[PDB]
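Below is one structure, written out as structure tokens; comments come after it.
Read from first to last, the chains carry the letters A, B, C, D, E and F; within each, the first residue is number 1.
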Amino acid sequence: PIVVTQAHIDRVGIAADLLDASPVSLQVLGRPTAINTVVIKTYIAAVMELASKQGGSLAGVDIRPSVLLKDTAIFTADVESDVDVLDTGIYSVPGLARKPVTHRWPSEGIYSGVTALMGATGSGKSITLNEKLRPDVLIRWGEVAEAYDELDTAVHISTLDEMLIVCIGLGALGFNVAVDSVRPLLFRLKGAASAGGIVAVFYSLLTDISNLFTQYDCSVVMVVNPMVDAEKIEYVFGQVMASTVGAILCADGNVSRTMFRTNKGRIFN
Amino acid sequence: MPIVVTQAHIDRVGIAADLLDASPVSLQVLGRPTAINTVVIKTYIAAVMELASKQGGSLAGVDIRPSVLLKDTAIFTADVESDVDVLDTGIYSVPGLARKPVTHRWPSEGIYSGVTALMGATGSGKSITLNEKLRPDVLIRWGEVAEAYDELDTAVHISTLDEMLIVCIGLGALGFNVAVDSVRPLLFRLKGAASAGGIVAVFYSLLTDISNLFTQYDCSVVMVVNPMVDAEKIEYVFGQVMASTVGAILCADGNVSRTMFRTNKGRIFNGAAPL
Amino acid sequence: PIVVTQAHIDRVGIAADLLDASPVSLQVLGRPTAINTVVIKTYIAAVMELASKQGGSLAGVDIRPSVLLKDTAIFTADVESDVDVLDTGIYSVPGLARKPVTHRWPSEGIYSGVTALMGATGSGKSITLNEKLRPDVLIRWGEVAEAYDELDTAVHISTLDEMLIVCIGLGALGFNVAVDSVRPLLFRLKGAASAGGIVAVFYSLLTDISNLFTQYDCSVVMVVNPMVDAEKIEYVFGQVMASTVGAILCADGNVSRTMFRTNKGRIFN
Amino acid sequence: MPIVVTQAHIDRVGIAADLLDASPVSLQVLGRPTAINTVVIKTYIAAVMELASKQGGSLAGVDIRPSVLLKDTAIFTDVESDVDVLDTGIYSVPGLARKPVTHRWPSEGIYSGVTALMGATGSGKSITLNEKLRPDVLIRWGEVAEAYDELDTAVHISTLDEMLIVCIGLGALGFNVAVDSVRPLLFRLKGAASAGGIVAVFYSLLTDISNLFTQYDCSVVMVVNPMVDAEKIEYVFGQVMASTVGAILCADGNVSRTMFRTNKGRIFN
Amino acid sequence: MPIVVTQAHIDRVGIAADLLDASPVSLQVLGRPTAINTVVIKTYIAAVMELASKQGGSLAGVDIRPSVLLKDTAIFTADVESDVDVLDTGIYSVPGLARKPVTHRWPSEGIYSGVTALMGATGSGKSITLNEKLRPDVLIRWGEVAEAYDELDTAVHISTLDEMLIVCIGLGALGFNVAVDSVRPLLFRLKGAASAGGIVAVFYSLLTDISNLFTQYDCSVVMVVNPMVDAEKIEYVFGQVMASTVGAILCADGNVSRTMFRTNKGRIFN
Amino acid sequence: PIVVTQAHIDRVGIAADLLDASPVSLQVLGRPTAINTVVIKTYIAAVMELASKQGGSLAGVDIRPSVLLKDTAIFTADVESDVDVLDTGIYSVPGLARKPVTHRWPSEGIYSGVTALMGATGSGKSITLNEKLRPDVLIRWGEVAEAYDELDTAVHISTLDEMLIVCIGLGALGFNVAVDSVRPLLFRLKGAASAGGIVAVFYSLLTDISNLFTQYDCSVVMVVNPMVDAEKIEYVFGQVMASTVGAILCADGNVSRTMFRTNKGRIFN
């Protein structure tokens, strides 16, 4: 189940302070788009109210944003992916001047941010995620019908707005949030593929997503499976390590390589 | 050759209407998420049942084509380019099922509701395997040249993607074993930059979105997917398709080279089961 | 000459019925465009009236649509080849539920549809067509001045609309229509080249053209010459076999391979 | 060096006007078909004859340039190169149903149309043209300052409209017109390169240009030098032979291969 | 860790304002040339000096971020595509200096004003070399994940390209040793057809335009440049970057592989 | 210094004449754009007045167009580089019917036009330019801070308009003008790369620039260093020789190959 501890209730105020304190945006190949912080706060309030009506034990089905919120929009006419960078400007989510909040998951003493669970198709990413990682909240998005969908920890979303709402909203409260998968975004990345058979803005997006979680004290594990050649996966994994707080590589059902940025330092395997 | 409507199908009509009304769905490709008008599918089911009633249960595939039964065949309800910022359009994937999906005996025993993808190079024996080994109840024929399968009473000739989804969701929800030969009109018009495997990445997302659309409406559909891909990259593309569908079949030299089915007994790779 | 028999005159009514019975469209990389059936009927009536001015014998020059019709348009603001496929929709010309009408040309018992005469430049396609196939009507499009242009069977067109008018119009009446060449269309096909150095929509167009002829009981032979590498022609020919009712490959002035879908079944060489 | 107007040229003026008025023509590349204003070519012929009358018939190439004789040099009366082929339509200039008028230049008994003077850079194309071919009128387009520019046969143009005006205008009258070179058109041909490292519409354009000259009884030699690999030139030359009435290949200052479509048939070397 | 304002910096304030007003500048990429609003940089300098006055000259990088000091962070003053005719937009390159550039002691002795590119593969030791071996006065952090360098009092966290240029031109002109870790948010968003070396040609033009912008405002800036390039193609790109920057440093296996600096004693290669 | 001789003063009238006599344009992948000749004349007049105020000895800094002219625009809504060639038309600057004016620089008896100083990065182009070629006026564009910027011959420009103003303006008067570099124009050439890893319109632009100088009796040396592979430079230099009046190849700090079109003929090394 998804259980709401006193620790989560005590974080509600802090989560609001974090969201209000820093105005954030996101950019991909178009123009920077602001994130409406209010929506995330509204989601937290709705989750806590429902957790209250229950015995602290919540069902992932009941906490999906489409059910709790009237509108699921986070981003507040239309720009092409091939527009001059000087006409749109460039935005990256700012870093944290203070020391980031540490976590015990996915690794001991890991800083707040994003962890990328990498590997070829059928390498055992989903298996590693649910058996070895054991997340508190499992966001299921753009994945086919599996055994993980019947889990009470599973929260089924449709949009990128919904993913960020659940990730920032619940992650800030202290929950160990995971996403299986981020394929709907990755498989719709438009642009000229750079070195490694993948668009360069992919690495910028991982950093922007990681810093978004670092700023809101979230520890999120994302399954990242982009369309890349069997031999080019090693290069891409190395590049992703330079763009995320955590990185896990899967091969033949087992964990091939690891990287975690902890309070004890950067740890490689 | 005929399409027979059992009491089991008649009893599913209400259930199907509820499934459609219960969840609002959309679809996206490289542009803006587009809503699916559920009403049209319900209207199609009502028209099929009414005609099944006039005839003696038994129906001809020719008579159940949407262009004949419905005044308008539109399912999707100004114009966006395939190269527009992903943040200005947002991203949509059809949501998964929180409950256990309805199991089926076709195309494999104890299979979950969703989509099965019948892969293979040209002349690998996809259409042969589909009609001889699989034996579907309803055969949707789309963007295929004149073959023996067109003279079959199970054959329903469509022209649009809207029509394909109407027949697939409409009849599939009622319990019919629906098949699509081919899905090529869609595949050959996929605009975008080709990813690893000489095919657009959104192709795999579309298969998952189509699979979940059928999982939500308790459909068991087999779609024959013919990719414009090099002889050596077909193995990679299949491996990728397996991770995007409830069922996958590879064809090579008139036979079935590889299979994958997500059953109630678990995920089965290359089983000892004749189709 | 192009001789009009009583058999052709008796088909006029049936041709009009076939055209009115089914509304058709066509699509390439843009949006589906409807085919104005009326124009084809008007062309048939004009050919029959001229046939009547002569002794049933017609000169190919006199039956060109630009001469017989006030407007040659068949397709009834502007869409790019890289627009969302969900905004335009997808269209394929529907198949025939009934048995297709059989023909004696280009092969015995062949079903109505299209035959693709393939081969490298100077492989003998035009020679094979005019000497071995010997068509009743020879549509000449996008080909330089040759001996075939002085033939009374030759009808010189300029547009794709004109090609379909003569192909559907005369083909429905029972004439053995041939197109040399379909290069104006092929060489202007915009889009990213798929496996085999050719746009994938090329194979969809051949199927849509074939089914358009199957629906109107036409037996047409089109010279399909692709800008493809000398060794990649075998792959493309195999791909075309899956998209047409007939397929003929030319090499060194001789017929290399054949494929025909007949009443006796699919025949390979 | 001078351009002399014979009685034979004066007697062709009426016929030339009759050929231009008889058939309405257009041209297409990757966009939409654009009509050719025939009147402008007639106006040019009348201006050349009027000047030939004032002088002794001995005209200077400098004095017969369209920019000097005509107030407006436009022959064609905004669409992207990546637009749906069904929204623009397809156009190819129609073939001649009658036998084409034969010429003694560039080869004996050659049919009216276009001849492509091919070869690598510095293979001796310009040398072969002026020394071995000896053209009556030498159109100079997109070429650096050479000895051929000081010639009284040289007519310096700037636009494609001007090229067609001088080619059709003077060529119809019986003059042996040559173009060195067609490089500004070829190097501005936008689109995805097909087999041989060159856009497929290049071969369609050569056929459309050839048929335009076949219809107006012109015998034109165009030096065609597209950006192609040193070893891929043999493939491209073979493909061009299937798209033109004449084809000449240059290597090490000499003529490597030749192809001409004559009244005695197609002659290869 | 702190950012100290010397009398030398205070004496440069007037000169900096003169340099900015004297020459109107612009920037171009694949679109149309866009003017740089000089006033914003002057306003930033005034805000930094006023805060340095309230403190004891000792400033925290966090307090000097433009988003905190300025109401509006825009430097560039409807929308053009990256594939538009070059003749319809025109071409702009920031002009060179007719006079001798103002030399510095950092990143190398007697190096002319401009930009230095800190190159290398991912995890080659660029960030390590920057903070340990280079020791910058001001460390601009942009498009980089949470690291130890973010807790430094020299660290100034930006979000936009406008902010980067404000801090680089503003503080660099006063004489500060400014560094950017990194410029990945601009590089990874560079739209266009990749030229020889698996990278867009306008990348080299941008480095020269950025270099000259610093040369004109007597700025000594070190930018870590890490574009998506193949493991073996990095040598070619580094050689090409040397022809586009005043300084160039290559990193390999945590150490400095190669160097290039344009100094008063001449161009020095390793 | 930049010294103004009586020979330069005597050319002022001839320069205005040459400029008024022929209206010119320029085209790249868009539409042809006219060059305002008046601006070049205005620049010449401002340079001569300043030369007359000073001792004839000028400073490159004082003759920059941005300082002498109120507006630096030469070209007089927005077209994409992928637009139909038939909708924009094609323009090439016309050739000279008369003999081009000869020069003693960069080679003896060389015709007026452009010389391309080619080579890989650090091949010695800028060293060869300033030590071996010794230009009168040195235009500095798109280059980092070097020793050449402190020179009194150096004139710092920002736009393509400014480059043409100084090149045509001072070049017509008899000055030996050089551009280091033309990289801001080369590196911003949008379009599909042809054979040799470079856009085909690059060669057309060199010919158009050369002919622009041939028409205005200029002798200009431009260092041309486009992004091309280390082994593909030989092919490109070969194509450039067919597009310019002069061509110099640099390697290992010295001159590898040369080509000059002189009054004594074309000289190769």
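Please note the rule applied: a residue touches a chain if its C-beta (ideal position, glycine included) is under 8 Å from a C-beta of that chain, and two chains touch if they have at least 3 such contacts.
Here's who's who by UniProt: A, B, C, D, E, F = Packaging enzyme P4.
*Asks:* Just the number, please: Cα centre separation of chain C and chain E in whole Å.
*Replies:* Computed from C-alpha means, the inter-chain centre distance equals 62 Å.
*Asks:* Roughly how far is chain B from chain D, centre to centre by C-alpha average, rounded to an integer in Å?
*Replies:* Going by mean C-alpha positions, chain B sits 54 Å from chain D.
*Asks:* Taking each chain's centre as the mean of its CA atoms, how far is chain B from chain E in angstrom?
*Replies:* Centre-to-centre distance between chain B and chain E: 54 Å.
*Asks:* Would you mind pulling out the distance in Å between where the CA atoms of chain A average out and where those of chain E do?
*Replies:* 31
*Asks:* Can you pull out the residues of chain B that are in contact with at least two other chains?
*Replies:* As it turns out, chain B has residues touching two or more other chains at 28-30, 80-83, 192-193.
*Asks:* Drawing the touching chains as a network, do you get a line, a ring, a star, a complete graph or other?
*Replies:* Contact pattern: a closed ring, each chain touching exactly two others.
*Asks:* If you go round the ring from chain D to chain F and onward, which chains do you meet, in order?
*Replies:* Listed round the ring from chain D, with chain F adjacent next, the chains are D, F, E, A, B, C.
*Asks:* Which residues of chain D touch chain F once you look at their complex with the stated criterion?
*Replies:* Spelled out, the residues of chain D in touch with chain F are 27-32, 34, 61-62, 67, 76, 78-82, 121-122, 140-146, 149-150, 154, 156-161, 183-193, 197, 225-230, 232.
*Asks:* Given the complex with chain D, which residues does chain F contribute to the contact?
*Replies:* That would be residues 25, 27, 29, 32, 79-100, 111-113, 191-192, 194-196, 200-201, 203-204, 207-208, 210-211, 214, 235, 238-239, 241-245, 261 of chain F.
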